[PDB]
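Structure 1 and structure 2, given next as structure tokens, are two forms of the same protein chain, each shown alone.
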Structure 1
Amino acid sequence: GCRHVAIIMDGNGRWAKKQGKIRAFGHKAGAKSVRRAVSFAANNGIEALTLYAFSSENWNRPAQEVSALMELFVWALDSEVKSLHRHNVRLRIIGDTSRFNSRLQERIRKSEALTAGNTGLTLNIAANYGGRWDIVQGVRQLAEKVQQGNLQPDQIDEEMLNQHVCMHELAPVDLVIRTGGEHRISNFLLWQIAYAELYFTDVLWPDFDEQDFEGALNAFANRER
């Protein structure tokens, strides 16, 4: 009965160091773990899977290192989205994409447009995203309508604001998984997780596998509302 899972994927760096390897090694292993989790979600009837890529916090890196990184993101979308499309996955990026360079904004738009008509798993990647920022964008949209004279303050209720927060057209989030050992939401989704099962595990992201995922789904199944 679990329809939408969200994941905070911590642990890549510690995993690499524990293995006597550099951080990049842990990132490559982390991406394999993403592919594995997405296949698992799709193979088991989960309708939406939302992954926390990163907040809008500045990167502790040189402008050239950042520009290089953004092109690597362009390359990953170019290399892998066609397979996701054949697998009937709808890819959506949620978050402040205006902070990206123009080229990456366009490639995200193209990847979204290519898969928008798909009816399988909806994979949401939350990039330059924050739960409070998400709610604020919705509030700003409602405030504009009040300024126009198209909405009265007293008409704003939970349902109206819900229609203006990310993913409101998808199944509500049922389960949030955070790997890496910390017990916090860290301003990932906020509005959307009001009734979600929260599952914390010490397993590091690159090691998180199908057995770990099923364990989280079992926690959800054993909930008592």
Structure 2
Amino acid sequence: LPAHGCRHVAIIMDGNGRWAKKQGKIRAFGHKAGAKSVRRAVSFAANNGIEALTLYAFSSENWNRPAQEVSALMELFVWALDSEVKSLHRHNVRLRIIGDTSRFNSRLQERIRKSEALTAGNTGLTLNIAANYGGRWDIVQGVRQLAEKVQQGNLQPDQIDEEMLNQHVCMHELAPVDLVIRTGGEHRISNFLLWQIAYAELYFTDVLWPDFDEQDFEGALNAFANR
């Protein structure tokens, strides 16, 4: 019920590399600065009445990039889980990872499993980290779930409707996505959420993610409130 009236924001956090290069700095510095930015956005959202914040962390397509780039991201994901989870919990933040977790090594899966569990009963902001995630993959998984009900004999094809598949895509349990923000200048979804953004406001800014701060977040919320 906050004034901007936005309940679920989703973010494509692009620009980190470009941010570091403008400065003559290597890829890694932009990742350092991007993580600060994630801490800043998460905190902003918990403080401004947002119900859910969904961040595009690692796409299923990203696996096809230089090892130094994959492992760095993985490295940072492992670092966040091992060291930022206690703070999410102390903020009554509920953490969910969305995407094909089966591909991660069983040890990364165990950290994911424990982090979600620790925080599953939290009632504040729901933080969804999309890791090894894709909008098409997401739809495909809800499809197989349905197929399955058709296989066990409980579902009839002709009964499958929009509402039913809407109940089996990731985050079906949260308020619908009201606002998609993409930093970094590019104007495309890039196989981020697709089913879920049917009615979302799409908001593109050239600000590089490491520079995207609380004032830019208000900006985007205000542009949304004026829709």
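Only residues modelled in both forms are compared. Residue positions are counted from 1 along structure 1's sequence. What we label the rigid core is the largest C-alpha set whose atoms superpose within 1.5 Å from one form to the other.
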If you fit the rigid core between the two structures, which of 89, 142, 93, 74 ends up with a C-alpha shift of 2 Å or more? 74
Would you tell me if residue 57 moves between the two structures by 2 Å or more at its C-alpha, with the rigid core held superposed? yes
Taking the rigid core as the frame, how far in Å does the Cα of residue 35 move between the two structures? 0.2
Once both forms share the same rigid core frame, by what distance in Å has the CA of residue 218 shifted between the two structures? 1.1
Can you list, in sequence order, the runs of 3 or more consecutive shared residues with C-alpha shifts of 2 Å or more between the two structures on the rigid core? 57 to 76
